[PDB]
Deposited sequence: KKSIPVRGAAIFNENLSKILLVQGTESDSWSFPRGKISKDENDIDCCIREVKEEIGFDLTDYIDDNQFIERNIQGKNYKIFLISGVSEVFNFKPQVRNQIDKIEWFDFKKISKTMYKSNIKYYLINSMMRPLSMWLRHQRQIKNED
């Protein structure tokens, strides 16, 4: 039942990488259900690797995340930066997701043309985290 995933930002903290699943047209964080034989990090790493072909092992920080209980499910979304915009993202299995695209992060706030899921309700802490990262890395 618990879900783990990642908010994956590019190097200059201006874009976020979102995916659209096979079951709907909304864009959200790459993520998946936790298996009984794994912890929060291993779930995130495994699911993101399957969805976008990128290994977060050396990017993930187990103390940087947003956890929200939404609609009967527990979400824990790890906060990631420094991921290359030119990496050739591709799912390990073709049906793990439908699409993978970068989004301009500041522009997402426009919504509520494009449907989002989870990210809009996390917009406040996500934005605060990002702006703080932007101070650190100057």
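Annotation: deposited residues 1-3, 116-118, 145-146 are not represented by C-alpha coordinates in the model.
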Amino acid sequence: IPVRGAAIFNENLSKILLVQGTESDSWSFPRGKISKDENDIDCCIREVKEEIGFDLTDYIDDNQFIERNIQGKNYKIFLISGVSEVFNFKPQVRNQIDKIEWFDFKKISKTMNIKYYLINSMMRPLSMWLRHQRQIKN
From here on, numbers count along this sequence of modelled residues.
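As recorded in the PDB entry, 67-75 is the stretch of 67-75 and 38-46 with the greater mean C-alpha temperature factor.
Taking the PDB entry as given, 128-136 carries the higher mean Cα B factor of the two stretches 128-136 and 3-11. For the set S81, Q92, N113, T57, the PDB entry puts the maximum C-alpha B factor at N113. For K106, the recorded CA temperature factor ranks within the middle third of the chain's modelled residues.
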